[PDB]
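Chemist: sequence? don't have it. structure:
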């Protein structure tokens, strides 16, 4: 009885992922997020049959990490309901960048670093997010911690080729655009390059398919030579030419990252 143990609040948003509401667990007042997904709207089912998203979240929800955890879930006649962790106060990265514009490199470094740690955690747990972008990143404004949300387009990680994709197009790699084929890790690295550019310039680098495949990056804001270098590396046209997660985190631009709490004290408080 999901109706008894949770006090529903306002709608946080809705879209491809379904409808998400703010909530509070009547039990201990723990703040949560309640996600509703209609069964007719989900193609990927995992293993009882449940949306892949539930399988994915269970694999990454154990222990602490930078990914929003699955607290519990319920099946309804025509839909599934997922109870998600909800930090507070929070603002998604998209809104934060829309209000502040381009982010100082020190802040982008801390944020980017945390996203990398979150993605490594998922990959380490056999999960590929496939829709990494500012809209799917939550910022705990008081602790300065980022959290990954929406695994609805994800998949179990594998070393073989992927021929299916339903994530955000302007964040998808040239190989998906041209051949409808991509490998997990290298496609993730490309989306991380889009994300980083987004953070330091205030907007994404490419809008049309032709720009994605051309792959030339133009900087609309002042960005250090080292950051520009990391961005162009993540956005290498040839998948194998992109850096591994280890190479990204060992990159000159990624050194001396601030701690989440310092980050909040200096940039968010």
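Modeler: Ah, there it is. Residues are numbered from 1 along each chain as shown.
Chemist: And the most centrally placed residue in the chain, how far from residue 193?
Modeler: The centre of the chain sits closest to residue 132, judged by C-alpha atoms, centre = their mean, with a distance of 3.6 Å. Distance of residue 132 to residue 193, computed by C-beta to C-beta, to the nearest Å: 10 Å. For every residue, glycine as well, the C-beta is placed using N, CA and C.
Chemist: Which residue is the nearest non-sequential neighbour of the residue nearest to the centre of the chain?
Modeler: residue 191 (4.5 Å; C-beta to C-beta, 6 or more residues apart in numbering).
Chemist: Run a quick neighbour tally on that neighbour.
Modeler: By the criterion of other C-beta atoms under 10 Å, residue 191 has 23 neighbours.
Chemist: Where do the domain boundaries of the protein fall?
Modeler: The chain is divided into the following domains under curated CATH domains: 1-88, 89-269.
Chemist: hang on, the residue nearest to the centre of the chain packs against residue 192?
Modeler: Yes: the pair residue 132 / residue 192 is scored as a contact, 6.3 Å apart, by C-beta atoms under 8 Å.
Chemist: shared neighbours, the two?
Modeler: Shared contacts of residue 132 and residue 192, defined by C-beta atoms under 8 Å, 6 or more residues apart in numbering, comprise 115, 119.
Chemist: Was I right to think residue 204 contacts residue 191?
Modeler: No: between residue 204 and residue 191 there is no contact under C-beta under 8 Å: 10.4 Å.
Chemist: what do the two both touch?
Modeler: Listed contacts common to residue 204 and residue 191 are residue 171; contacts here mean C-beta under 8 Å, 6+ apart.
Chemist: Let me know which of the domains of the chain is tucked in deepest.
Modeler: domain 89-269 (a mean of 18; mean count of other C-beta atoms under 10 Å).
Chemist: which element is residue 256 on?
Modeler: According to DSSP states H and E, residue 256 maps onto no helix or strand at all.
Chemist: residues in contact with it?
Modeler: If a contact means C-beta under 8 Å, 6+ apart, then residue 256 has no contacts.
Chemist: Look up phi and psi at it.
Modeler: Per-residue torsions, residue 256: phi 60, psi 50 (degrees, to the nearest 10).
Chemist: any idea how far the residue nearest to the centre of the chain is from residue 188?
Modeler: Relative to residue 188, residue 132 is positioned 6 Å away (C-beta to C-beta).
Chemist: so what sits against both of those two?
Modeler: With C-beta under 8 Å, 6+ apart, residue 132 and residue 188 have common neighbours residue 119.
Chemist: Show me where this protein has its strands.
Modeler: For the chain, applying DSSP state E gives strands covering 6-15, 18-25, 30-38, 45-46, 50-51, 70-76, 79-85, 90-92, 127-128, 137-140, 145-148, 155-156.
Chemist: elements contacting the fourth one?
Modeler: Taking 3 or more C-beta pairs under 8 Å, 6 or more residues apart in numbering; DSSP states H and E as contact, the helices and strands that strand 45-46 lies on are helix 52-61.
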